[PDB]
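Asks: I'd like to ask you about the structure that follows.
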Amino acid sequence: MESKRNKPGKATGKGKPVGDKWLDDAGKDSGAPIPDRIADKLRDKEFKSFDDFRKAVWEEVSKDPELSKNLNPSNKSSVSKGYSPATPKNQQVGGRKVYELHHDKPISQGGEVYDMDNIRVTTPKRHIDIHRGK
Amino acid sequence: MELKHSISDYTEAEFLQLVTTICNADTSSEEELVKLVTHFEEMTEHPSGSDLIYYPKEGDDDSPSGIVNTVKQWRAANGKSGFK
């Protein structure tokens with residue numbers, strides 16, 4: 001095996017319309033989708049790794065007034081740097097304190113790495129709850 | 001492994017610099033930032049943890065000096081040690 005998430009690829013997909021409270025949905029259901037306006041900015045661009053794509057997502061969040069309006073000043077500083085914003089304490093898991101990008105269909109089962117319709121934004125807690133039920 | 005960080009090893013000035021680094025995200029990496037947030041939580045001992053920085057209560061001042069004052073007052077109210 002060689003890891004697909006560590007190889008370059010091309011972002012694809014549509015995302016979904018979300019509201020200014022999108023990150024609240026990250027702690028529910030299968031998490032939040034990639035916002036359509038973020039998909040619109042990243043679609044067809046090449047990224048060096050999934051981590052590079054993840055930085056680009058949070059950079060794009062920082063640039064979008066509606067998707068960043070709910071962040072407080074400290075979280076706005078984080079996303080301005082391409083860092084993931086901190087979740088509420090009650091959604092953290094140990095040293096996992098920030099929103100996570102996860103693949104809905106696992107890459108090992110045919111899911112694509114940079115397919116934005118296959119990526120969900122979750123809190124650490126919601127991710128672990130999902131994983132534990134598998 | 002790393003022993004608990006203690007707030008009484010910091011002066012108020014030093015603690016204000018640390019909080020400002022967090023609020024500005026003035027770090028080399030996200031990992032370094034989350035390490036500082038963890039250390040902040042260990043030092044304050046405040047049950048709200050990183051929420052003091054990112055999810056302040058309505059009415060709280062979430063500027064760096066605001067957060068430092070909230071921590072100082074809470075520690076005072078709860079019989080804990082203050083700054084160096």
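Residues in the structure tokens are named by chain (A, B, ... in the order shown) and by number from 1 within that chain; ligands are numbered from 1 in the order shown.
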Residues within 8 Å of residue 41 (chain A), please, as a ChimeraX atom specification. Count only C-alpha atoms; anything in the same chain fewer than 3 positions from it doesn't count.
Replies: /A:37-38,60
Asks: Name all residues at most 9 Å from residue 19 (chain A) (count only C-alpha atoms; drop same-chain ones fewer than 4 positions away) and give them as JSON, numbers by chain.
Replies: {"A": [35, 66, 67]}
Asks: Counting only C-alpha atoms, a student should be able to say which residues of chain A come within 8 Å of chain B; what is the right answer, written as JSON, numbers by chain?
Replies: {"A": [72, 73, 74, 75, 77, 78, 81, 83, 84, 86, 87, 88, 89, 95, 97]}
Asks: Identify all residues of region 20-129 of chain A in strand (DSSP E or B) (DSSP on the backbone) and supply them as a PyMOL selection string.
Replies: chain A and resi 32-33+35+46-47+86+93+96+98+100-103+115+119-122
Asks: Quick one: residues within 8 Å of residue 102 (chain A), only C-alpha atoms, excluding same-chain residues fewer than 4 positions away - as number ranges by chain?
Replies: A: 119-122
Asks: Using N, CA and C atoms, can you write the selected residues to a file as a CSV table (one decimal), in the first residue's frame?
Replies:
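Just written: result.csv:
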```
chain,number,residue,atom,x,y,z
A,119,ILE,N,-16.2,14.6,1.4
A,119,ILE,CA,-15.5,15.0,2.6
A,119,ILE,C,-16.6,15.7,3.5
A,120,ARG,N,-16.4,15.4,4.8
A,120,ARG,CA,-17.3,16.0,5.8
A,120,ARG,C,-16.5,16.8,6.8
A,121,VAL,N,-17.1,17.8,7.4
A,121,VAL,CA,-16.4,18.6,8.4
A,121,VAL,C,-17.0,18.1,9.7
A,122,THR,N,-16.3,17.6,10.7
A,122,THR,CA,-16.8,17.1,11.9
A,122,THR,C,-16.1,17.7,13.1
```
Asks: Find the spatial neighbours of residue 42 (chain A), counting only C-alpha atoms, within a cut-off of 12 Å - ignore same-chain residues fewer than 2 positions away - and output them as a PDB file with N, CA and C atoms, in the first residue's frame.
Replies:
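Okay, this is what ended up in part16.pdb:
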```pdb
ATOM      1  N   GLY A   9      -3.246  15.514  -5.936  1.00  0.00           N
ATOM      2  CA  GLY A   9      -4.463  15.199  -6.680  1.00  0.00           C
ATOM      3  C   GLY A   9      -5.186  16.483  -7.010  1.00  0.00           C
ATOM      4  N   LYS A  10      -6.320  16.341  -7.668  1.00  0.00           N
ATOM      5  CA  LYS A  10      -7.077  17.485  -8.154  1.00  0.00           C
ATOM      6  C   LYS A  10      -8.432  17.559  -7.435  1.00  0.00           C
ATOM      7  N   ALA A  11      -8.727  18.699  -6.780  1.00  0.00           N
ATOM      8  CA  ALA A  11     -10.011  18.814  -6.090  1.00  0.00           C
ATOM      9  C   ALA A  11     -11.160  18.770  -7.090  1.00  0.00           C
ATOM     10  N   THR A  12     -12.203  18.023  -6.729  1.00  0.00           N
ATOM     11  CA  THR A  12     -13.448  17.964  -7.521  1.00  0.00           C
ATOM     12  C   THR A  12     -14.677  18.065  -6.642  1.00  0.00           C
ATOM     13  N   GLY A  13     -15.837  18.212  -7.263  1.00  0.00           N
ATOM     14  CA  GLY A  13     -17.064  18.188  -6.479  1.00  0.00           C
ATOM     15  C   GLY A  13     -17.748  19.531  -6.269  1.00  0.00           C
ATOM     16  N   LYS A  14     -18.943  19.450  -5.695  1.00  0.00           N
ATOM     17  CA  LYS A  14     -19.868  20.579  -5.733  1.00  0.00           C
ATOM     18  C   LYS A  14     -20.036  21.230  -4.381  1.00  0.00           C
ATOM     19  N   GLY A  15     -19.882  20.456  -3.305  1.00  0.00           N
ATOM     20  CA  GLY A  15     -20.264  20.882  -1.936  1.00  0.00           C
ATOM     21  C   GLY A  15     -21.769  21.131  -1.899  1.00  0.00           C
ATOM     22  N   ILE A  34     -18.743  20.197   2.743  1.00  0.00           N
ATOM     23  CA  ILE A  34     -17.918  21.300   2.285  1.00  0.00           C
ATOM     24  C   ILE A  34     -18.899  22.323   1.697  1.00  0.00           C
ATOM     25  N   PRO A  35     -18.836  23.577   2.130  1.00  0.00           N
ATOM     26  CA  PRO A  35     -19.698  24.613   1.537  1.00  0.00           C
ATOM     27  C   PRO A  35     -19.529  24.748   0.037  1.00  0.00           C
ATOM     28  N   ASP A  36     -20.640  24.974  -0.696  1.00  0.00           N
ATOM     29  CA  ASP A  36     -20.501  25.104  -2.139  1.00  0.00           C
ATOM     30  C   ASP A  36     -19.553  26.210  -2.575  1.00  0.00           C
ATOM     31  N   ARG A  37     -19.528  27.339  -1.853  1.00  0.00           N
ATOM     32  CA  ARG A  37     -18.658  28.422  -2.265  1.00  0.00           C
ATOM     33  C   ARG A  37     -17.196  28.039  -2.073  1.00  0.00           C
ATOM     34  N   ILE A  38     -16.915  27.198  -1.059  1.00  0.00           N
ATOM     35  CA  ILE A  38     -15.518  26.692  -0.915  1.00  0.00           C
ATOM     36  C   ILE A  38     -15.187  25.731  -2.047  1.00  0.00           C
ATOM     37  N   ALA A  39     -16.082  24.793  -2.333  1.00  0.00           N
ATOM     38  CA  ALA A  39     -15.859  23.918  -3.503  1.00  0.00           C
ATOM     39  C   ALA A  39     -15.635  24.748  -4.771  1.00  0.00           C
ATOM     40  N   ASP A  40     -16.431  25.803  -4.951  1.00  0.00           N
ATOM     41  CA  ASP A  40     -16.267  26.642  -6.158  1.00  0.00           C
ATOM     42  C   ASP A  40     -14.868  27.256  -6.261  1.00  0.00           C
ATOM     43  N   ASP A  44     -11.009  21.902  -9.350  1.00  0.00           N
ATOM     44  CA  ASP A  44      -9.978  21.810 -10.414  1.00  0.00           C
ATOM     45  C   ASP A  44      -8.574  22.236 -10.067  1.00  0.00           C
ATOM     46  N   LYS A  45      -8.349  22.735  -8.846  1.00  0.00           N
ATOM     47  CA  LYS A  45      -6.993  23.044  -8.400  1.00  0.00           C
ATOM     48  C   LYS A  45      -6.266  21.745  -7.915  1.00  0.00           C
ATOM     49  N   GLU A  46      -4.962  21.732  -8.107  1.00  0.00           N
ATOM     50  CA  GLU A  46      -4.113  20.629  -7.684  1.00  0.00           C
ATOM     51  C   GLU A  46      -3.519  20.931  -6.326  1.00  0.00           C
ATOM     52  N   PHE A  47      -3.523  19.907  -5.478  1.00  0.00           N
ATOM     53  CA  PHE A  47      -2.971  20.021  -4.137  1.00  0.00           C
ATOM     54  C   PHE A  47      -1.891  18.958  -3.941  1.00  0.00           C
ATOM     55  N   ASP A  52      -2.506  19.642   2.537  1.00  0.00           N
ATOM     56  CA  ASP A  52      -2.415  20.895   1.801  1.00  0.00           C
ATOM     57  C   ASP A  52      -3.823  21.358   1.400  1.00  0.00           C
ATOM     58  N   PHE A  53      -4.632  20.416   0.928  1.00  0.00           N
ATOM     59  CA  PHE A  53      -6.044  20.704   0.668  1.00  0.00           C
ATOM     60  C   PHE A  53      -6.757  21.231   1.938  1.00  0.00           C
ATOM     61  N   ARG A  54      -6.543  20.547   3.055  1.00  0.00           N
ATOM     62  CA  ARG A  54      -7.192  20.994   4.317  1.00  0.00           C
ATOM     63  C   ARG A  54      -6.828  22.468   4.647  1.00  0.00           C
ATOM     64  N   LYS A  55      -5.552  22.828   4.505  1.00  0.00           N
ATOM     65  CA  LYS A  55      -5.160  24.243   4.739  1.00  0.00           C
ATOM     66  C   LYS A  55      -5.883  25.191   3.781  1.00  0.00           C
ATOM     67  N   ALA A  56      -5.979  24.774   2.506  1.00  0.00           N
ATOM     68  CA  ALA A  56      -6.698  25.573   1.545  1.00  0.00           C
ATOM     69  C   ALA A  56      -8.164  25.765   1.920  1.00  0.00           C
ATOM     70  N   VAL A  57      -8.801  24.704   2.449  1.00  0.00           N
ATOM     71  CA  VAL A  57     -10.232  24.845   2.868  1.00  0.00           C
ATOM     72  C   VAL A  57     -10.337  25.951   3.901  1.00  0.00           C
ATOM     73  N   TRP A  58      -9.469  25.925   4.914  1.00  0.00           N
ATOM     74  CA  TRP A  58      -9.634  26.907   6.055  1.00  0.00           C
ATOM     75  C   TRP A  58      -9.177  28.281   5.593  1.00  0.00           C
ATOM     76  N   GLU A  59      -8.191  28.344   4.671  1.00  0.00           N
ATOM     77  CA  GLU A  59      -7.897  29.636   4.055  1.00  0.00           C
ATOM     78  C   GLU A  59      -9.120  30.211   3.322  1.00  0.00           C
ATOM     79  N   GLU A  60      -9.809  29.346   2.576  1.00  0.00           N
ATOM     80  CA  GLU A  60     -11.012  29.827   1.891  1.00  0.00           C
ATOM     81  C   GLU A  60     -12.120  30.245   2.857  1.00  0.00           C
ATOM     82  N   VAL A  61     -12.289  29.497   3.950  1.00  0.00           N
ATOM     83  CA  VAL A  61     -13.245  29.899   5.006  1.00  0.00           C
ATOM     84  C   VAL A  61     -12.909  31.298   5.485  1.00  0.00           C
ATOM     85  N   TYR A 114      -9.801  13.836  -2.860  1.00  0.00           N
ATOM     86  CA  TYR A 114      -9.996  15.290  -3.047  1.00  0.00           C
ATOM     87  C   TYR A 114     -11.401  15.579  -3.601  1.00  0.00           C
ATOM     88  N   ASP A 115     -12.261  14.575  -3.531  1.00  0.00           N
ATOM     89  CA  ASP A 115     -13.647  14.725  -3.980  1.00  0.00           C
ATOM     90  C   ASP A 115     -14.401  15.446  -2.841  1.00  0.00           C
ATOM     91  N   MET A 116     -14.693  16.733  -3.056  1.00  0.00           N
ATOM     92  CA  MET A 116     -15.288  17.519  -2.000  1.00  0.00           C
ATOM     93  C   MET A 116     -16.700  17.047  -1.606  1.00  0.00           C
TER      94      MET A 116
END
```
Asks: Name the residues of region 47-82 of chain A that come out as helix (DSSP H, G or I) in a backbone DSSP run; write them as a PDB file with C-alpha atoms, in the first residue's frame.
Replies:
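Result saved to part_29.pdb:
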```
ATOM      1  CA  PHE A  50      -4.725  16.030   1.682  1.00  0.00           C
ATOM      2  CA  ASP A  51      -3.103  18.209   4.421  1.00  0.00           C
ATOM      3  CA  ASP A  52      -2.415  20.895   1.801  1.00  0.00           C
ATOM      4  CA  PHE A  53      -6.044  20.704   0.668  1.00  0.00           C
ATOM      5  CA  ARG A  54      -7.192  20.994   4.317  1.00  0.00           C
ATOM      6  CA  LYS A  55      -5.160  24.243   4.739  1.00  0.00           C
ATOM      7  CA  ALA A  56      -6.698  25.573   1.545  1.00  0.00           C
ATOM      8  CA  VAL A  57     -10.232  24.845   2.868  1.00  0.00           C
ATOM      9  CA  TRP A  58      -9.634  26.907   6.055  1.00  0.00           C
ATOM     10  CA  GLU A  59      -7.897  29.636   4.055  1.00  0.00           C
ATOM     11  CA  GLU A  60     -11.012  29.827   1.891  1.00  0.00           C
ATOM     12  CA  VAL A  61     -13.245  29.899   5.006  1.00  0.00           C
ATOM     13  CA  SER A  62     -11.254  32.909   6.243  1.00  0.00           C
ATOM     14  CA  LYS A  63     -11.887  34.707   2.949  1.00  0.00           C
ATOM     15  CA  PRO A  65     -17.529  36.657   5.021  1.00  0.00           C
ATOM     16  CA  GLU A  66     -20.588  34.494   5.591  1.00  0.00           C
ATOM     17  CA  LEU A  67     -18.672  31.320   6.480  1.00  0.00           C
ATOM     18  CA  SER A  68     -16.378  33.071   8.925  1.00  0.00           C
ATOM     19  CA  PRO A  73     -11.766  36.972  16.752  1.00  0.00           C
ATOM     20  CA  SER A  74      -9.365  34.248  17.978  1.00  0.00           C
ATOM     21  CA  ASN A  75     -10.836  31.686  15.550  1.00  0.00           C
ATOM     22  CA  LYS A  76     -10.728  34.227  12.732  1.00  0.00           C
ATOM     23  CA  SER A  77      -7.011  34.583  13.387  1.00  0.00           C
ATOM     24  CA  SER A  78      -6.606  30.799  13.190  1.00  0.00           C
ATOM     25  CA  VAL A  79      -8.372  30.403   9.876  1.00  0.00           C
ATOM     26  CA  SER A  80      -6.508  33.434   8.450  1.00  0.00           C
TER      27      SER A  80
END
```
Asks: For a quick check of understanding, using only C-alpha atoms, which of A:70, A:109, A:118, A:90 has the smallest distance to residue 23 (chain A)?
Replies: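 The answer is A:70, which sits nearest to residue 23 (chain A).
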Asks: Please identify all polymer residues within 7 Å of region 5-10 of chain B, counting only C-alpha atoms, omitting same-chain residues fewer than 4 positions from it, and present them as a list in words.
Replies: residues 14, 15, 39, 42, 43, 44, 81, 82, 83 and 84 of chain B
Asks: A:48, A:126, A:69, A:103: which is nearest residue 21 (chain A), counting only C-alpha atoms?
Replies: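 Residue with the minimum atom-to-atom distance to residue 21 (chain A): A:69.
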Asks: If you measure from CA of residue 117 (chain A) to CA of residue 16 (chain A), what distance in Å do you get, rounded to one decimal?
Replies: 8.3 Å
